[PDB]
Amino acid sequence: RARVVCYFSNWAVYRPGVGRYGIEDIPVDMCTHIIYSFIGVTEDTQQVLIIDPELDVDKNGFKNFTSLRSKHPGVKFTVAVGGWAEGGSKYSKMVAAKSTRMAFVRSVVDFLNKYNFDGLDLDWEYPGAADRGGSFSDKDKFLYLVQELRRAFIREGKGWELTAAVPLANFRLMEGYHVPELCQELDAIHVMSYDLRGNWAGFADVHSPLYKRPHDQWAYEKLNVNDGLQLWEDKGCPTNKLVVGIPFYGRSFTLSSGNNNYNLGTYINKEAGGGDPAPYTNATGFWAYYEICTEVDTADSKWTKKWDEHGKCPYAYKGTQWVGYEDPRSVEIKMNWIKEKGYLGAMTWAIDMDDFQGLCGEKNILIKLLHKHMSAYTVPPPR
């Protein structure tokens, strides 16, 4: 009764060559809940914004995805609104008044009926975040939105789920999330236990450390997966509502000129923006898991792979390039820890970045780990 929650990116179909990943590539039986990402909100009318209508509607992307339930009827197929690229300011605007929230709620209900989704995942990053167009009143008003969506979903009578993707840093929780009240209204809390470190921080480090390292200080002291989940519990969220995110990607850095120290915490060339783009994701500062294993794990690789003994994550480097990520060893450790803590399950950002082609070895190696552990695990009663 554990969840394996799989975010599916609708833009992965445009990746070239073996990176192309579409609806037909989703390994549906490895997940219990699959989430089509993303739709957005309009700036002016607070309605659902379809972000790639040629794919999502004209080529039947939404419906191809939800009709997967014909062959896989025990799986839930929902849609996520928001995501990083959507920004936060349209959401802070939409929740500012009862009337604009109600316009959005009606639009959501029509959309979910039209494309036969099982519910909605809220991915506003983030209520209350001044750097993302937010402000103080978002914390109350985001809770109101959640309460109003839940009531609308109850009225529709189809048993739709409502979930949310959330951060784990204390300051973000204080600015945006009434934890006990949100955890009561939501079916699952998808914790984004990743991007905890990255180029923006100004030093090289793994981005999903499980436990504190000696160099973690001040704001970073508790910014690790174990302490972040413990924070959600301490703030009032039941253990059996918390789903732990696992990144299928690494955060990369370009090290400072002449820097031969590759240890965690080493200085970087921050203006570079991160490591150089890899060929399929083509984004400075991150690599898909399959982009990492095809470079790091080959027989003649010139990459050097190391292990963070405290954070329990791999990192690898070559030249000026350094990347921290998750591999089968680190994912196995986190699966065992999820079971030890009694959490509701595991989530991945995102299923289209697993080695789904088997370029390095077993196809879908990381999601198979999530599925192996979660499917044999019984979630205990709240602690």
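Start at 1 with the first residue shown and count on from there.
Q: When the C-alpha temperature factors are averaged for each of 111 to 119 and 69 to 77, which stretch ends up with the higher value in the entry?
A: Comparing 111 to 119 with 69 to 77, the higher mean C-alpha B-factor belongs to 69 to 77.
Q: For the higher mean C-alpha B factor in the entry, choose 145 to 153 or 255 to 263.
A: Averaging CA B-factors over each stretch, the winner is 255 to 263.
Q: When the CA B-factors of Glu125, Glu271, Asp138, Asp187 are compared as recorded in the entry, which is the largest?
A: Each of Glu125, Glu271, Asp138, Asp187 was compared by C-alpha B-factor; the highest is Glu271.
Q: From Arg197, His215, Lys241, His178, can you pick the one with the highest C-alpha B factor in the entry?
A: That would be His215.
Q: Test of reading the entry: by CA B factor among the chain's modelled residues, which third contains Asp352?
A: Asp352: CA B-factor falls in the lowest third of its chain.
Q: Could you place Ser330 in the lowest, middle or highest third of its chain by Cα temperature factor, using the values in the record?
A: Tercile = lowest for this residue's CA B-factor.
Q: Taking the values exactly as deposited, rank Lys368 by C-alpha B-factor within its chain and report the matching third: lowest, middle or highest.
A: Ranked within chain, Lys368 CA B lands in the lowest tercile.
Q: Among the modelled residues of its chain, does the C-alpha B-factor of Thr284 lie in the lowest, middle or highest third?
A: Middle third, going by the recorded CA B-factors of the chain.
Q: Going by the entry, which third of its chain does the Cα temperature factor of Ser37 land in?
A: Bottom third by C-alpha B-factor.
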